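Asker: I'd like to ask you about the structure that follows.
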Amino acid sequence: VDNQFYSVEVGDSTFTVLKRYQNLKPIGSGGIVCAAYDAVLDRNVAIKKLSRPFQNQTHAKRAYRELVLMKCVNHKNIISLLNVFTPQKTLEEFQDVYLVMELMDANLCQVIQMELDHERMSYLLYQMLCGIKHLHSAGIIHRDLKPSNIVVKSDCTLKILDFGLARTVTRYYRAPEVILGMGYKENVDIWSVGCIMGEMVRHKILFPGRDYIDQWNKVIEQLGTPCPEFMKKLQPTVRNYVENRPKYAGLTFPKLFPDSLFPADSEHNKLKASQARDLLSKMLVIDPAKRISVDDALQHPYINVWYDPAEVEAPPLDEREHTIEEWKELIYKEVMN
Ligand SMILES: N[C@H]1CC[C@H](Nc2nccc(-c3cccnc3Oc3ccc(NS(=O)(=O)c4ccccc4)c4ccccc34)n2)CC1
C-alpha cells in the first residue's frame, strides 16, 4: 500500500507522493508547493504539502475549512482539488496531507508588474467577480482577497486559491469595515478587488503600511475622511480614535489615477480608460453603504462585455473550537473520507 508512494528530497523537506506524480520542481514555500507531471491525467499539476496541519488551531481550522469547502464549491474561477492523500496508513501515524490541483502559470503579484491592455485587465476583473459571486452565493464572504492568492494562466484564465477568513501576514487589501471591526456584508470583497485593480493600474501598492494605524492613514489621506454617517457606525473606542485623526478632503480619481497610467492612444482606449477610472471610483469607497455591489460591478460597461449567464449564475454548517487531537481526527477523516 505504501509501495504506491515514493519519496524525493525537495530543498529542506521530503515529499512522499503517489507514483503517478513525476518530476517534482519547487514553486513555492512558506506549506510547500511543487509542480509535477501527473501520468494518469497526462497533465501538469501543483502539489501542496501540509505538514502536521493539526499542530495548532490556527493551521488546523484553516486546513479543515479549506478541505471541506473544496466540496461545497465547483466553479472554474475557484481552486478545485484533483486529489487529496496522505502517505500514512493509520490515524496514529498520520502527519502530512498532500493536495493536488491544476498547475497555473503565475500569481497576480507577477501580472501586477506588467502593463496590460484593457481587454486582459477587464477579463481578469470579470473572473474575480464571478468567483466571488459564486462564493457569496454559497454564503462564503472572503474578506482576504490579495494578489498572492490569485493565480492565472497564459491564456488569461484566473482562479482564486483560498476561501478567506472564517465568520470568527499581508493586510493592504483589507476593507475598512474589517480594519475597524465594524460588521460587513458581501461588498466587503469589492474593496479588495478595487485595491487590486488600482495596483494593476498604478504598479504600486495603494495602501501600504506596517500596521492598521499606518494603513488607515494611507487610506483617508488619499480617499478623504469619510462622512459622519460612517463614523456613527463605529464603536465608541474606535470612533474616538478615527475621529481624532488629522482630517483630509482627499483627492479625486483623475489625480489618484492620472491619464498617463492607462493606455490611451486610440479612441477605444481613451473610452476604456475613463470607464476603468469610473469603476475604481465605485469600488474604493470607504463606506460600504455607498460602495458598489458585486452584481452591479458585473453590470458595469468596463466588465459587462464578458457577461455570460452560464459563468455568472451557476448553482451553489458548524464552525467550532477543538484541541489538537480532535483536529487531527477531523482532518484525517476528511482526507480519507
Ligand atoms: N511563480 C509561479 C506562481 C504560480 C505557480 N503555479 C501554481 N499553480 C497552482 C497553485 C500554486 C500555488 C503557489 C503557491 C502556493 N500555493 C499554491 O497553490 C495552492 C494554494 C492553496 C491551496 N489550498 S490549501 O488547502 O493548501 C490552503 C489554502 C489556504 C491556506 C492554507 C492552505 C492549494 C491546494 C492544493 C494545491 C495548491 C494550492 N501555484 C507556478 C509558478
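Every chain in the C-alpha cells has a letter given in the order shown (A, B, ...), and although residue numbers restart at 1 in each chain, ligands are simply numbered from 1 in the order shown.
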Within 6 Å of ligand 1, counting only C-alpha atoms and all ligand atoms: which residues, as number ranges by chain?

Answerer: A: 27-28, 33, 46-48, 63, 66, 99-101, 103-107, 161-162

Asker: Tell me, as a ChimeraX atom specification, which residues lie within 12 Å of residue 77 of chain A, counting only C-alpha atoms; anything in the same chain fewer than 6 positions away does not count.

Answerer: /A:123-135,150-153,156-162,311-312,314

Asker: Export, as an mmCIF file, in the first residue's frame, the selected residues with N, CA and C atoms.

Answerer:
```
data_model
loop_
_atom_site.group_PDB
_atom_site.id
_atom_site.type_symbol
_atom_site.label_atom_id
_atom_site.label_comp_id
_atom_site.auth_asym_id
_atom_site.auth_seq_id
_atom_site.Cartn_x
_atom_site.Cartn_y
_atom_site.Cartn_z
ATOM 1 N N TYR A 123 -10.972 41.297 -18.273
ATOM 2 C CA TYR A 123 -11.335 39.867 -18.234
ATOM 3 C C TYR A 123 -10.898 39.266 -16.888
ATOM 4 N N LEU A 124 -9.718 39.642 -16.424
ATOM 5 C CA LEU A 124 -9.237 39.216 -15.147
ATOM 6 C C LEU A 124 -10.204 39.650 -14.045
ATOM 7 N N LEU A 125 -10.586 40.921 -14.094
ATOM 8 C CA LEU A 125 -11.541 41.508 -13.171
ATOM 9 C C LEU A 125 -12.871 40.801 -13.195
ATOM 10 N N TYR A 126 -13.345 40.491 -14.395
ATOM 11 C CA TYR A 126 -14.619 39.790 -14.542
ATOM 12 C C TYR A 126 -14.608 38.424 -13.843
ATOM 13 N N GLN A 127 -13.484 37.741 -13.955
ATOM 14 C CA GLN A 127 -13.383 36.390 -13.459
ATOM 15 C C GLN A 127 -13.315 36.416 -11.927
ATOM 16 N N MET A 128 -12.554 37.359 -11.389
ATOM 17 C CA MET A 128 -12.530 37.593 -9.947
ATOM 18 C C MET A 128 -13.924 37.772 -9.420
ATOM 19 N N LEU A 129 -14.693 38.622 -10.079
ATOM 20 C CA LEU A 129 -16.037 38.952 -9.631
ATOM 21 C C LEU A 129 -16.962 37.761 -9.717
ATOM 22 N N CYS A 130 -16.811 36.941 -10.763
ATOM 23 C CA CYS A 130 -17.588 35.698 -10.922
ATOM 24 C C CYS A 130 -17.305 34.703 -9.792
ATOM 25 N N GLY A 131 -16.029 34.559 -9.460
ATOM 26 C CA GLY A 131 -15.621 33.663 -8.404
ATOM 27 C C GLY A 131 -16.193 34.117 -7.079
ATOM 28 N N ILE A 132 -16.164 35.427 -6.854
ATOM 29 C CA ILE A 132 -16.663 35.992 -5.613
ATOM 30 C C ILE A 132 -18.167 35.824 -5.503
ATOM 31 N N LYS A 133 -18.869 36.037 -6.608
ATOM 32 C CA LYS A 133 -20.307 35.911 -6.616
ATOM 33 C C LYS A 133 -20.698 34.481 -6.359
ATOM 34 N N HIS A 134 -19.944 33.541 -6.909
ATOM 35 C CA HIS A 134 -20.221 32.140 -6.646
ATOM 36 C C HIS A 134 -20.035 31.813 -5.149
ATOM 37 N N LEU A 135 -18.897 32.226 -4.611
ATOM 38 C CA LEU A 135 -18.649 32.181 -3.163
ATOM 39 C C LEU A 135 -19.757 32.813 -2.312
ATOM 40 N N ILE A 150 -4.307 34.739 -5.835
ATOM 41 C CA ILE A 150 -4.968 34.636 -7.126
ATOM 42 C C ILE A 150 -3.929 34.235 -8.162
ATOM 43 N N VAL A 151 -4.306 33.283 -9.012
ATOM 44 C CA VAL A 151 -3.394 32.734 -9.984
ATOM 45 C C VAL A 151 -4.030 32.742 -11.346
ATOM 46 N N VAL A 152 -3.151 32.839 -12.346
ATOM 47 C CA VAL A 152 -3.532 32.940 -13.718
ATOM 48 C C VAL A 152 -2.726 31.990 -14.597
ATOM 49 N N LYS A 153 -3.312 31.705 -15.753
ATOM 50 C CA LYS A 153 -2.627 31.041 -16.850
ATOM 51 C C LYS A 153 -2.253 32.048 -17.922
ATOM 52 N N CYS A 156 -4.920 33.939 -19.817
ATOM 53 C CA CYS A 156 -5.674 34.918 -19.043
ATOM 54 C C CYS A 156 -6.802 34.333 -18.162
ATOM 55 N N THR A 157 -6.919 33.015 -18.062
ATOM 56 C CA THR A 157 -7.917 32.436 -17.156
ATOM 57 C C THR A 157 -7.400 32.586 -15.735
ATOM 58 N N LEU A 158 -8.311 32.644 -14.764
ATOM 59 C CA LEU A 158 -7.949 33.054 -13.396
ATOM 60 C C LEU A 158 -8.619 32.188 -12.356
ATOM 61 N N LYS A 159 -7.925 31.931 -11.260
ATOM 62 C CA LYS A 159 -8.526 31.240 -10.139
ATOM 63 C C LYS A 159 -8.186 31.865 -8.792
ATOM 64 N N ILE A 160 -9.166 31.863 -7.904
ATOM 65 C CA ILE A 160 -8.974 32.249 -6.501
ATOM 66 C C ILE A 160 -8.578 30.999 -5.744
ATOM 67 N N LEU A 161 -7.488 31.088 -4.994
ATOM 68 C CA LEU A 161 -6.824 29.929 -4.392
ATOM 69 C C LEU A 161 -7.313 29.530 -3.005
ATOM 70 N N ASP A 162 -7.917 30.446 -2.252
ATOM 71 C CA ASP A 162 -8.412 30.051 -0.942
ATOM 72 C C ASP A 162 -9.736 30.705 -0.582
ATOM 73 N N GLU A 311 -21.538 31.412 -16.598
ATOM 74 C CA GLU A 311 -20.409 31.660 -15.690
ATOM 75 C C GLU A 311 -20.847 32.439 -14.451
ATOM 76 N N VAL A 312 -21.850 33.300 -14.621
ATOM 77 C CA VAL A 312 -22.275 34.243 -13.587
ATOM 78 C C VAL A 312 -23.353 33.686 -12.652
ATOM 79 N N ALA A 314 -24.175 30.132 -11.926
ATOM 80 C CA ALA A 314 -24.046 28.695 -11.627
ATOM 81 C C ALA A 314 -24.562 28.393 -10.208
#
```

Asker: At what distance in Å, to one decimal, does atom CA of residue 94 of chain A lie from atom CA of residue 326 of chain A?

Answerer: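 Distance between the two atoms: 13.0 Å.
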
Asker: Hey, what's within 12 Å of residue 321 of chain A if we count only C-alpha atoms and toss same-chain stuff fewer than 3 positions away? As a list in words, please?

Answerer: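 Within the cut-off, the hits are residues 56, 57, 58, 60, 61, 62, 64, 168, 318, 324, 325, 326, 327 and 330 of chain A.
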
Asker: Per DSSP on the backbone, filter segment 98-232 of chain A down to the residues in strand (DSSP E) and report them as a PyMOL selection string.

Answerer: chain A and resi 98-102+106-107+150-152+158-160

Asker: Between atom CA of residue 242 of chain A and atom CA of residue 166 of chain A, what distance in Å does the model show, to one decimal?

Answerer: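 About the pair atom CA of residue 242 of chain A and atom CA of residue 166 of chain A: they are 25.8 Å apart.
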
Asker: Please run DSSP on the backbone and report, as a VMD selection string, all residues within segment 115-223 of chain A that come out as alpha helix (DSSP H).

Answerer: chain A and resid 118 to 137 176 to 179 188 to 202 212 to 223
